[PDB]
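Below, in structure tokens: the form deposited in one PDB entry, a single chain.
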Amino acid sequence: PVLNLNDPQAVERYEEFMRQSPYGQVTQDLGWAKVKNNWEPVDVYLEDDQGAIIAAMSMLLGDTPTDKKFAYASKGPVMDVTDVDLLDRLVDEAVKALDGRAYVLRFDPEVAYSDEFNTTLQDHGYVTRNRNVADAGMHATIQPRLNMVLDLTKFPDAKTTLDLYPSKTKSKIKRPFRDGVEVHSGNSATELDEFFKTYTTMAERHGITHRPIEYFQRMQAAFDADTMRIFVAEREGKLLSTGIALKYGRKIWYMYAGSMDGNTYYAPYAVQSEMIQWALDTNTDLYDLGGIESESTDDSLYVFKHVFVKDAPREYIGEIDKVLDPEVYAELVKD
């Protein structure tokens, strides 16, 4: 069935399934639609024999240069996507709800890539985009397929961040604190302003754009202090670096960051240490540092993230496309 967003009770039942699911994703929470307020939301789900929700997909529809919309379910759907028969049923429900308005329904779930899974998906009629497409550019995947994820379940007795690392790394992490860096966290308007200042400074320093502050304000209003947390690192009254982390489902995700110009006394390391500590304190299974361009020292993102994740980066299946309008798909999507 399709979710009636104006039915408070239906909405809550949908949310409860999402929040309690081991496959839950913050970008699949109905709150994500409130953040992406310039996109159109359409959500569907399936029920078992008892009428209990067993699978759900939150879609956001975007505009294109054509008469069709782009339907995207970021890191969804919420279920075991390898159960392709169930997936098809959920997707059939989504296509019904789209009612011919989109040229494609794309979803990029956080499931491991494998030749067998890629093949099955194609066998079921989907078009997959992973090892067969450019690493970067407007043709690359929306989300990076390679991600640096720390599996905390490998350290069941870990009490603090330092317990997860070898001495050489313990030293790197201890440095900022040794030099006076202190981190405070929360999800108040003041923490947001601190983040925004470092965020925009960072953007200007690299000559890149940045999202408006309202984007983050909507995020703060959509998620509570137990879900969204802003970490601010300072040294003797001086703002140095910050980071925003989201706790949802089985992981805490490091999503945004910012650092001032000049000397930052390795503050970014202290921010990471604190986010990881939050994961340990809440018994969260995974800590996700996000994507990398490539597993190489020639990649700055990899170099930094490799300090906290020594295991191989996780490689996801990529984008799974349910083509609805072939002509438009060929025009707007290429390898």
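Residues that one form lacks are left out of the comparison. We call the rigid core the largest set of C-alpha positions that still match within 1.5 Å between the two forms. Note that residue numbering follows the sequence shown and begins at 1.
Not on display, but discussed next: the form solved in complex with a partner chain.
- The single contact residue among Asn187, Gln143, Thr161, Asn118, judged by any heavy atom lying within 4.5 Å of its partner chain in the bound PDB entry, is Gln143.
- Interface residue among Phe231, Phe107, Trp253, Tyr103 relative to its partner chain in the bound PDB entry, by the heavy atom within 4.5 Å criterion: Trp253.
- Contact with its partner chain in the bound PDB entry, judged as any non-hydrogen atom within 4.5 angstroms, is confined among 235-243, 253-261, 190-198, 119-127 to 253-261.
- Within 4.5 Å of some heavy atom of its partner chain in the bound PDB entry lies at least one heavy atom of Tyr215.
- For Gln28, no non-hydrogen atom is located within 4.5 Å of its partner chain in the bound PDB entry, even though that partner is not displayed.
- The closest non-hydrogen atom of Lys36 lies within 4.5 Å of its partner chain in the bound PDB entry.
- Contact between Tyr266 and its partner chain in the bound PDB entry is not found at the 4.5 Å heavy atom cutoff.
- Heavy atoms of every residue among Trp32, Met138 and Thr209 are located within 4.5 Å of its partner chain in the bound PDB entry.
- Core-superposed comparison between this form and the one not shown: among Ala134, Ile142, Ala112, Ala225, the single residue whose C-alpha moves by 2 Å or more is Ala134.
- 134-139 stands as the sole run between this form and the one not shown where every Cα shifts by 2 Å or more, at least three residues long, with the core as reference frame.
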